[PDB]
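What follows is one structure encoded as structure tokens, with my remarks underneath.
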Amino acid sequence: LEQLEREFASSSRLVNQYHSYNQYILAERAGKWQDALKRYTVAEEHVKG
Amino acid sequence: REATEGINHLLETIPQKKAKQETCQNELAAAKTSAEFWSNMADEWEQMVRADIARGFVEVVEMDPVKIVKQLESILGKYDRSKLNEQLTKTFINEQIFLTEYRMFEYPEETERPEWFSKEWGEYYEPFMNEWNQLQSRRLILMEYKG
Amino acid sequence: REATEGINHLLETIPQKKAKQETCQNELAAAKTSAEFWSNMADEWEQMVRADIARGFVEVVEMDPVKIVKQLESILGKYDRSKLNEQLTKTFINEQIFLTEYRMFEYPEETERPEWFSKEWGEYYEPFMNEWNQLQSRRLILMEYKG
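Chains as they are written, first to last, in this note's numbering: chain C, 1288 to 1336; chain D, 70 to 216; chain U, 70 to 216.
Rendered as structure tokens:
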């Protein structure tokens, strides 16, 4: 139990850091996707006009 | 007099509108290329996001890029890519002391550089493909556990 | 008849050249924008490189970007920024086991965003501004040694 306590604390630290990283990556890629869609819609409007 | 005036006026105007049509069609072709390019780029980024969500490391409330950003935008001002990478590595090395049994290893992953970048989009678009090239790579951490 | 022929040909040509001048003016304005932007970017990178040389960490033949790139071509061919940053952090963590008495410590050195970044330029230049924001940050290490 003591050994698993230490290892679980270490894994908690690791998973929290890794979750910060994954949140950042997902948010960044979502933002880029958003911008791509925005530009696409603007371009399609331009083409229609 | 009215007929001669009209024919002179039309002789003046018709070439003008033909030139306007020439310029308009050129601009229309340019805009169509722009729209096609951004279609392909937006779909590529959507595929990126779907692939990353499929990993399941983060739960997604509504599959909409504006909503997804709204779900996490606070973090984007919280961290910066390079700083986050450095601190992730710093945590990863220290915790390697404890979890030797699991034998942590980290390897990178890369998406297939879309072939349609080969098409002659022109210099204007090249920076965005460079942005994609830089941002596409990602890091994954894996541990060996119970086989 | 001769006058009518001449006036008709001129009536056709003049609008064409007027539209051509319109396109030329648009592209000339774009070119002036590009020239100013890239002049500023070249000056900014020059300032950066002059800053790093001042540290004396690396010596160079002359203050020519092509010559400097040629001098270090090997390393650019060998590594990539992410790899070296990661392994520098790893080495810093490991080697503090031995050197702790020197009380190492690192701190990133950064350059203020040039104010002229504000004079919005449009889509095509935004990626380069973002790139500079990302790359401008660099790491330093300092060690206390006999005071």
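Using N, Cα and C, we set each Cβ at its ideal position, and we do this for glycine too.
Under 9 Å from the C-beta of residue i: neighbouring residues of chain D
i	result
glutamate 1294(C)	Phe167, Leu168, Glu170, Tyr171
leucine 1324(C)	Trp107, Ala111, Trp114, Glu115, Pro134, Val135
The beta strand (DSSP E) enclosing residue i, as first and last residue numbers
i	result
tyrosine 176(U)	174–178
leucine 209(U)	207–211
Cβ pair residue i, residue j closer than 8 Å
i	j	result
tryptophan 114(D)	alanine 1314(C)	no
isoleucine 210(U)	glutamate 175(U)	yes
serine 103(U)	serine 151(D)	no
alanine 88(D)	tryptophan 1320(C)	no
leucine 80(D)	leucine 80(U)	yes
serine 1307(C)	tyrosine 171(D)	no
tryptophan 107(D)	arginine 1326(C)	yes
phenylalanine 126(D)	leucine 1301(C)	no
Chain-ordered chain U contacts of residue i [CB-CB under 8 Å]
i	result
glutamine 116(D)	None at all; the shortest Cβ gap to chain U is about 20 Å.
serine 151(D)	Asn154, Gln203, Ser206
Residue span of the alpha helix (DSSP H) that contains residue i, given as start and end
i	result
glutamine 94(U)	71–124
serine 1298(C)	1289–1335
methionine 198(U)	195–204
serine 151(D)	150–164
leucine 145(U)	142–147
Alpha carbon of residue i to alpha carbon of residue j, nearest angstrom
i	j	result
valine 1329(C)	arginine 1293(C)	54 Å
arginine 124(U)	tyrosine 214(U)	18 Å
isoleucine 137(D)	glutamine 1310(C)	11 Å
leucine 168(D)	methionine 212(D)	9 Å
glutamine 156(U)	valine 129(U)	25 Å
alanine 99(D)	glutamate 195(U)	20 Å
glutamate 105(U)	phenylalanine 197(U)	14 Å
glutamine 85(U)	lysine 86(D)	10 Å
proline 183(D)	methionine 173(U)	45 Å
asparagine 163(U)	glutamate 142(D)	35 Å
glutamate 189(D)	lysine 159(D)	42 Å
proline 134(U)	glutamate 1331(C)	42 Å
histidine 78(D)	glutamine 90(U)	23 Å
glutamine 140(D)	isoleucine 122(D)	13 Å
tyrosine 193(U)	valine 118(D)	24 Å
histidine 1333(C)	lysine 101(D)	8 Å
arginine 208(D)	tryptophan 185(U)	35 Å
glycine 146(D)	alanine 1317(C)	14 Å
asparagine 154(D)	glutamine 116(D)	23 Å
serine 1298(C)	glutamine 1304(C)	10 Å
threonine 82(U)	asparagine 109(D)	40 Å
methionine 132(U)	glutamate 181(D)	39 Å
Interface partners of residue i on chain D, CB under 8 Å
i	result
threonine 158(U)	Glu155, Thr158, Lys159, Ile162
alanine 88(U)	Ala88, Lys89, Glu91, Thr92
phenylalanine 197(U)	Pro196
Cross-chain neighbours of residue i in chain C, by beta carbon under 7 Å
i	result
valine 138(D)	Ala1314, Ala1317, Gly1318, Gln1321
residue 56(D)	This structure gives no information on residue 56(D), because the portion of chain D shown stretches from 70 to 216.
Within chain U, partners of residue i - CB distance below 9 Å
i	result
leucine 80(D)	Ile76, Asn77, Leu80
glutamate 200(D)	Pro196, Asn199, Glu200
Contact test: residue i Cβ vs the ligand GDP heavy atom, cutoff 7 Å
i	result
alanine 104(U)	As far as ligands go, the structure on display features none, and thus does not contain the ligand GDP.
Interface partners of residue i on chain C, CB under 8 Å
i	result
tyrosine 148(D)	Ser1307, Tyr1311
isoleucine 210(D)	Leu1301, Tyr1305
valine 127(D)	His1306, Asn1309, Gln1310, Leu1313
Chain D residues whose Cβ lies nearer than 7 Å to that of residue i
i	result
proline 134(U)	Residues of chain D passing the Cβ test: none, with the nearest at roughly 19 Å.
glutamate 1331(C)	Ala104
Chain-ordered chain C contacts of residue i [CB-CB under 9 Å]
i	result
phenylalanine 174(D)	Under the 9 Å cutoff, chain C gives no residues; its nearest Cβ is about 13 Å from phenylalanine 174(D).
Chain-ordered residues of the region 98–114 of chain D with a beta carbon less than 7 Å from chain C: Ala100, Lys101, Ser103, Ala104, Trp107, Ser108, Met110, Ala111, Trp114
Where the region 179–193 of chain D meets chain C: residues whose CB sits under 9 Å from a CB there: none
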